[PDB]
Amino acid sequence: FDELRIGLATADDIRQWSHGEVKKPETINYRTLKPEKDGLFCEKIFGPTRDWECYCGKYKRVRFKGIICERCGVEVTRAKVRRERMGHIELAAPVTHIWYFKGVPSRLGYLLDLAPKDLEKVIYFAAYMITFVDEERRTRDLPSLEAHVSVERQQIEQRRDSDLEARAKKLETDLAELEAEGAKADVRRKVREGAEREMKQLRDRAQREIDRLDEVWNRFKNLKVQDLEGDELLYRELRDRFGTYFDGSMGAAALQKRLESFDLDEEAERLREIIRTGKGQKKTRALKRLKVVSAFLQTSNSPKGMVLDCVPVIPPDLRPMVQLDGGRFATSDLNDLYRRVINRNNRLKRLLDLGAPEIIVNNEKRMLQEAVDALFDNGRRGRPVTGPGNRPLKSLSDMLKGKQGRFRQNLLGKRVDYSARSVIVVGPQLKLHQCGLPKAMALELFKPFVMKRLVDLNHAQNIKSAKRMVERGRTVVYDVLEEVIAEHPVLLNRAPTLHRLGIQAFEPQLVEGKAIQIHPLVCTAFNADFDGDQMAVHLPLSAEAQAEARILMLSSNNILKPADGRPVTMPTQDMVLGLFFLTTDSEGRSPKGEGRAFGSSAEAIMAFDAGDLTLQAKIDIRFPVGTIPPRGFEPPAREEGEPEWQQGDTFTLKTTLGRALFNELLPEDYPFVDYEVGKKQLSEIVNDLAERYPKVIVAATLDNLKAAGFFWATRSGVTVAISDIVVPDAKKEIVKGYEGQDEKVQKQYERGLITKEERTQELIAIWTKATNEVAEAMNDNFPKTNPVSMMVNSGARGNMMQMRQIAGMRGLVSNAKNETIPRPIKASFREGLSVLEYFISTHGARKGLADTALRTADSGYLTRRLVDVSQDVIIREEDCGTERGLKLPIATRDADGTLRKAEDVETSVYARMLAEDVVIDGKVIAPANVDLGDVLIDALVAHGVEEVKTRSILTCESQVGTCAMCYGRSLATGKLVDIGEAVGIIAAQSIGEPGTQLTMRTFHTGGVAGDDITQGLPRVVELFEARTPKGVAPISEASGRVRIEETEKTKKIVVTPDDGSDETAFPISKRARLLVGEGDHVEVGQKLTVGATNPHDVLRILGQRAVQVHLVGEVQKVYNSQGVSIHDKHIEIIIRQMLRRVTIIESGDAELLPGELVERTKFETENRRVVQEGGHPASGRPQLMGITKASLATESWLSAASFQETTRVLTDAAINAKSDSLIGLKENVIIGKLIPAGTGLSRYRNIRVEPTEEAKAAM
Amino acid sequence: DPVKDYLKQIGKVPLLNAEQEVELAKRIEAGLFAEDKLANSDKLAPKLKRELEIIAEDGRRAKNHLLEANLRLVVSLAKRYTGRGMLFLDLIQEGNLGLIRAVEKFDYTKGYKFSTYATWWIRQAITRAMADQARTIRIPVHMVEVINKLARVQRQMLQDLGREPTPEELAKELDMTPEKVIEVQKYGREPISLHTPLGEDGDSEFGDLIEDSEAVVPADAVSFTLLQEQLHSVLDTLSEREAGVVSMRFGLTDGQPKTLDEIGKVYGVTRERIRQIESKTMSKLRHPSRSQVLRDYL
Amino acid sequence: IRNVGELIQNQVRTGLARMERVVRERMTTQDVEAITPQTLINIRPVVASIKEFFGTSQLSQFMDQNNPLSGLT
RNA sequence: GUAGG
Ligand SMILES: [Mg+2]
Ligand SMILES: [Zn+2]
Ligand SMILES: [Zn+2]
């Protein structure tokens, strides 16, 4: 497996594939239920239905294989051969391929210079086309035919003159005879009127025939190839008048002849000529035409494949006609389409053998065209073949496309054996690598291993008896099972699996019941609630799979979340409450027996058991040797006249008993801690432990913390009751005062003194003030010993707004369709809302719920798009070859006389790599290629450095992918990234994970549409697709004088650049709210008005660095609005991916097209090649494009087809003949090969393991 | 869409009356005699042959005149017969086929209009098509008319009685037996698509709910392999000669077993010797010693 | 809101319209004095449509008998 | 189709 080349399939190849030829619509007999002869399912073309059984029965046994019986001709082999072998249908009248036409012009390609309507009215038998003309022959005999037509006109005029003479004679004769007769007064006048009416009619037909002669003559003078003759009567007239110099035809046959006689080389030359000197949209049309023509010219495949001649058929088992119980049947819809095409072809053949009219045969050929097209894709034209009438018919194309297509449901996401699922319950007695599996689940997962073990232990006599015993389920089987499951990892997994912590390995363990048991600490990483959930439990089998689950996917080696390098496996619901209750300042209860001095902790717990002491009370505690003192206690020490090293010996402190216990939980080497732990400080110390200790110790301390936290949370005694939540007493007074004020304003509105809109505006203001005031009063009232304050302050669970609306008035509630009411709710959930208050609360509740469902759909889609563009990048080099870097500000917002580190230094420069060394006082402070943590950054800012040159991926120059040195250190491991890691996929997952969590929207439009910029997730996608912003603000082109022209029709902005450059004029809406002064100096980068900048022009005018920094800043400020933080490397990967391509301009010497997308690498190679050749390099400009366009444009067709849009890409790849090499990830996942990312990489696969000679000597 | 274009293709053509149609038929027979004379191997004058050819061409033109005229009638009949499984437009084409057949077999000798003669052949062609290409599992014509007669008479029974008639009653009105009744009732069903919604708007297909049977169960396959190995082991435990003769008799190396005397050619023994050693082999293998390991296999 | 009666009325109306089309066709292809009420009609459309509504129709749903409250709601 | 996530 080295490539998958694809090209246009000619008729000869289709014949080669065929092992026969279909000649009937028959499938099976109605009474014998066996396949018929020479139709569909025929044994003689596809293969025997039963293993080695020929249809007649001449051969029925297995021994005599590889022979054909002369009775029915069936070849005896395995029935599975039917699944492969294919036949082919013949066509009496050629038809055209639907896919390559009736679409965008990037696949049709304008090969023949005709509008789509022309083809649509030729290849459906509605007009004529002139396939070929003897144009030279027509000019050779021009004088002769001209003379003949002149003679024809001469005799026409002579005959007409004779007709005039006869008419005049008749008129005179009848007039004379009737006036002589005198039958009535004026008979002569009446007959003369009749005669002149007859003359008029004869003249009318005379001019009509003259017209027909002149028009057929000028049409003859208007002969050329590729001319449509809509009027069939006209074409017939041409044919009767003249033949043997022009040939015309209808339907796909004319196109087939035209392509056969086509000369793509001459067309390519002409198109190059017009591209050299051409203007307008004609240049774009000639560009597309050149693109498609070049494709045929470069590739050996001939264009005649556009119009097929034989229709391939599927092997029958891919379209099974399975038998169902009850006498019914079942068939895939492809059978019906094949039957229709076969029937229509047969009837056309029958009608062609007998002399038949042109009308009927043309109609039948049109029907055949309609049928074959449906087979390629039903419903691409007119109305879809409905078949039974309740639904369309699934065609061939429909199986390769969409959510349910073959690509995205059967090559990427497959089903798998050795798996299970069940509800989950929390298990606190486990460790960080243990999970409980029910007996039945474990038994059914490990059945082969249990059977092998049973036979080895002699409980079971044989494999069959072992199977019988395990199915019976006797106690010996369960004992063997309990023996066998251990030291074997199982991968637990949850359904959404947003990020790579979704699948985690555990060591199993038997347990009664039927619900999995899981470790609480890891629950928050999955996002696994226990309301009611379910978790898949996959089982690795091979040695490699279990080894991987041991080393990589273990639940104990995934402390740090890769989004931002912070701990994720230390949840806080019930345990942080216990720890906070432990290390809490006094007043948490009545501090009984405080201030004493105790010999050691042991005496403290004995006193506590005695009940005199309280866990919260400041007392003096000694510590035996080996207890490291507090970090800040290092300077202070005891009082002595001799040197004393309290870093490692006895020392007395003032602290609480609970602080002593908490410190006892932590490792002995860890210094003391004497503050509240809460949620942030606990995360900080966990981060410190994960940084500075091996993994097993970290896990052990996490488990001790879990146990102690649960126990002390139980001891805490937090509750909720009627008296636990008390409304502030001051609420009623203040709210009634504000009600009085509101009533006064309502009264003064009743007199019309104030407008309704204004009244609503001030009510909003006053009630916002009132709700803020009551919130402050409630916050002041509640002590810190109240159960709720404990669980909200500690960081366990809850936010103060929920408390505000539980105990304080809920207040302003948005009305429907993003409006605000003037009368806020004046009650709390404790007090109890009223009816209309409940209704107007529901107004917002339902909208909130709807939003969440929609958000999941949008975030999921975004995450999918992100991965596909970013999949290719992989760290494929240990260290870079270059030195260029990227400048970052180390410390910003530096107050007067001091230096302050930036608030978000953690997500900007931490974990990067310093490319060049730094010297501020003549000495190195941060050595090169050393990461940036708290200590180094603190020292650097203390020295007073303002900016640094951090190495980063954008400037990284690596021949293969991107080196590890530039990428910095990963976040989930806390160490430099190993070679071959998939940084693209983790980047995309990190970007996409919080998309659900964004869940923010403009609270009120404010009555103006288009002013407020898109916010939240839409903004992000609007960022990541290069989409021009909804509210766009033009940017200054360059320095100069800017002024406003307020034309009545529409506002207008005009800036004349300085230095005499050309004046530049931009438009602007009437509602501007501009800020730049009129007739004033402007700078290059400044924006003209409020809105949102368009990335394209910033790239065009400023530079790639400007758009890069603007993009990362914009997305990061969007994200951190709610509070989510991600590192900048994740975004930088994608932002680098966007700009990889380039727009070639002035493609003169490069010889390829101008103004089309080009990979940067191929641009550089072509430029080097052409400058080496002596020709100048074609120019180029950076071009920012969305993630989607970029993914579709990827070189490998197979990966592109696996993306959302399939038909266009497959068609373009087919016409271009692009062989896809299997380098990449999404290309190799479908083939089932090893992804070249990490353990699958080459250098990591070709080692040999040998025991040492001394080891073999040891024995 | 396409049927609209075909009706347009019909467009406006001159309808036929008695005098016009009989004159056309006269030209038809004139041309038929002309081409008959042309086909004769006897030498004919060149100008005479061209005269015969042009009158034959004029007769062909008259033919197409009749067909283009009566397209409207045949599509009317197609409407009468459509909606029963086949496509409407295909029925129209089949009616056109019946029309060309009938006009090939019409003459003015009949003292009536076209509409009474052609319509019989149009009805014939449509009925044949509807009986031949309607059902996926094709039924033959005799059984097809059996099905339709049963269906219509059963509908008449429902209309009259208003209840489901007893099988014997239907058998009597049909005069067949109840066995043939259930047979024909089962023969008249229709396939149900595997791509049906399965009653679910999305994510489901009736084609992904029924398990196959060709697939080899790994459990049974490995059990068979262990059976083969254990039997071969116990077979080797016995004498190599006894082993070989039993193996060739029961065909443990090839699919087809060999007869007794069939073994007495390669091994050069008698048809009764081979029987004797086979018998004592069955006696030994019947011993409980070399049976236990084979008991669970059955 | 269309209640049950209106939906059933709409479906039986569609069935009876199909019946009218069929009987009009038959009348156009039937001889006078061979015409009776019991012969001209055909009961297939009406029963076909009413059964095609009561099965395989979104508004026709499976009763949920978890408890009487499920039934009511 | 409707429930639970
Ligand atoms: Mg949940
Ligand atoms: Zn055979
Ligand atoms: Zn690098």
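Here chain A follows Swiss-Prot for its numbers: 7-1265, in order, are the residues you see.
According to its header, this structure was worked out by electron microscopy, 3.7 Å.
Keep in mind that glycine also has a Cβ here, set from the backbone N, Cα and C atoms.
Listed in Swiss-Prot for this protein:
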- A:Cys60, A:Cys62, A:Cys75, A:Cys78: Zn(2+) 1 binding site (BINDING)
- A:385-405: region 'Disordered' (REGION)
- A:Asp535, A:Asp537, A:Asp539: Mg(2+) binding site (BINDING)
- A:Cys886, A:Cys962, A:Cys969, A:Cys972: Zn(2+) 2 binding site (BINDING)
Anything from the binding-site residues A:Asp535, A:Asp537, A:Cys886, A:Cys962, A:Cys969, A:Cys972 with its Cβ under 6 A from ligand 3? List those in sequence order. A:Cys886, A:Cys962, A:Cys969, A:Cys972
For a three-state summary based on DSSP, what are the helix, strand and coil counts in the region 'Disordered' (A:385-405)? 3 helix, 0 strand, 18 coil
Mapped DSSP class for A:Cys78 (Zn(2+) 1 binding site), helix or strand or coil: coil
My understanding is the cutoff is Cβ-Cβ under 8 Å with a sequence separation of 6 or more in the same chain; which residues meet that for A:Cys62 (Zn(2+) 1 binding site)? A:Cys75, A:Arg77, A:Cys78, A:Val80
List the binding-site residues A:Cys75, A:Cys886, A:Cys962, A:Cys969, A:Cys972 whose Cβ sits under 6 Å from any atom of ligand 1, in sequence order. none
Return only the integer: C-alpha distance in Å from A:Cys60 (Zn(2+) 1 binding site) to A:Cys886 (Zn(2+) 2 binding site). 66
For ligand 2, pick out the binding-site residues A:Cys60, A:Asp537, A:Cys972 that have a CB under 6 angstroms away from one of its atoms. A:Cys60
Integer Å value for the Cα distance linking A:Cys972 (Zn(2+) 2 binding site) with A:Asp539 (Mg(2+) binding site) is 42
Intrachain C-beta neighbours of A:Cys962 (Zn(2+) 2 binding site), sequence separation six or more, cut-off 8 angstroms: A:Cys886, A:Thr888, A:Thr968, A:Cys969, A:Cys972, A:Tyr973
Enumerate the residues of the same chain, A:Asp535, A:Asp537, A:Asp539 excluded, that satisfy the criterion Cβ within 8 A of the mean position of the Cβ atoms of the recorded Mg(2+) site; list them in sequence order. A:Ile430, A:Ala534, A:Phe536, A:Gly538
Sparsest Cβ environment (other Cβ within 10 Å) among binding-site residues A:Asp535, A:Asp539 belongs to A:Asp535
Same chain, not part of A:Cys60, A:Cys62, A:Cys75, A:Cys78: whose C-beta falls within 8 angstroms of the C-beta centre of the Zn(2+) 1 site? Give them in sequence order. A:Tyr61, A:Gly63, A:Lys64, A:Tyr65, A:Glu76, A:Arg77, A:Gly79, A:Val80
Return the residues near A:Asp537 (Mg(2+) binding site) by Cβ distance under 8 Å, restricted to its own chain and a separation of at least 6 in sequence. none
Inside 8 A of the center formed by the CB atoms of A:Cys886, A:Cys962, A:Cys969, A:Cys972, which other residues of the chain have their CB, for the recorded Zn(2+) 2 site? A:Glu883, A:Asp885, A:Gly887, A:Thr888, A:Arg957, A:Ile959, A:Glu963, A:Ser964, A:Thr968, A:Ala970, A:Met971, A:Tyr973
Helix, strand or coil by DSSP: which one applies to A:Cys972 (Zn(2+) 2 binding site)? helix
Go through A:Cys60, A:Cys78, A:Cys969, A:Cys972, the listed binding-site residues, and name the one with the sparsest Cβ surroundings, counting other Cβ atoms within 10 Å. A:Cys78
Ranked by how many other Cβ atoms lie within 10 Å of their Cβ, the binding-site residues A:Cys75, A:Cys886 are led by A:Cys886
Going by DSSP, give the three-state secondary structure for A:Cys962 (Zn(2+) 2 binding site). coil
With DSSP assignments reduced to helix, strand and coil, which class does A:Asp537 (Mg(2+) binding site) get? coil
